[PDB]
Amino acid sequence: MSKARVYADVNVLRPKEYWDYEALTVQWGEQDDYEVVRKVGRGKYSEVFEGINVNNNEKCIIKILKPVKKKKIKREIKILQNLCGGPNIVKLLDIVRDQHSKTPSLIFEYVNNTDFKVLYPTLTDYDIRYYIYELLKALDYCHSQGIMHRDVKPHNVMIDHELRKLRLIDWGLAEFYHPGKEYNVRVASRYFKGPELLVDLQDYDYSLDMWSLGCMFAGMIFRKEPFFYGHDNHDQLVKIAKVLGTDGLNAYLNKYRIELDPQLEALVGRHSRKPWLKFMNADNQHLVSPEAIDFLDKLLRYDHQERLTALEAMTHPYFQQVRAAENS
């Protein structure tokens, strides 16, 4: 049986109303207050437009939900309400609906985000350290609130490079952490799914997000997005193993008394561990310093229990200049 090494009893001492998201009662605003300016994004669960709050004439983000079960939508909302004002946590402005179809839309703060596919490549060594650091404040904060974002990826990290402002967005897949509960493992995006998810280990925790963060951090310094480029869940676990080696995996499996499956276990095969430096070339050599490697290595661990916690990561020597900067 596995659990969390930190923040494990947050939802405990906390009244049921904090996590009993199904007892939530949505207080709907007026749909008109917000007008769609232009489309900017879309997911398999919604469409996203830059909008304008007709009263204050200020920009906003309108997330029009697609047929979602009501329980699911109360989860994304309750969690959002619970994290309001948290370091770098995207702010939920309003909840509205279309009277006829009952189509709901969540109004969020607006961020003039620069696509990561284009942004990331120009970031400097320090920018990387800086923004990862900011993303870490968001994770440590939600983890400390009893919430797993379970879907960390560039697409969900909005960055206004001009203002050097960052926000962790889209808490649809997020979930409340309960000591001992099992969770669906069809979360996160293949390229960021932790090994636990690829081996059916159901009782995971905040740790899952640190693996994803690690994948994100890896792609950034090694300039290889995604880092673990697989074609499907099976290929995902394999692509990982060809890097961390199968022994760590075998040890991982055996420690939690888990057992892969024929085609899977046979698919993975046997692989030696490939050192992190084997991924250094001339397009990233100026970003793969020892502190970077040491920090990455402490995030990308098979065993979710070994991985650094959000709080510890922010103190790793890798971020010392960012921290020293902050103390001014």
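We number the residues from 1 along the sequence you see.
- Just going by the entry, 222-230 versus 130-138 on mean CA temperature factor gives the higher value to 222-230.
- As the entry records it, the average C-alpha temperature factor is higher for 282-290, out of 295-303 and 282-290.
- You'll see in the entry that, of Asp125, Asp203, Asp170, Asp200, the Cα B factor peaks at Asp200.
- The PDB entry assigns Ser207 a C-alpha temperature factor belonging to the lowest third of its chain's modelled residues.
- The entry lists a Cα temperature factor for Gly43 that places it in the middle third of the chain's modelled residues.
- When the modelled residues of the chain are ordered by C-alpha B-factor, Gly214 sits in the lowest third.
- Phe49 sits in the lowest third of its chain by CA B factor, as recorded in the PDB entry.
- Looking at the C-alpha B-factors along this chain, the one for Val322 belongs to the lowest third.
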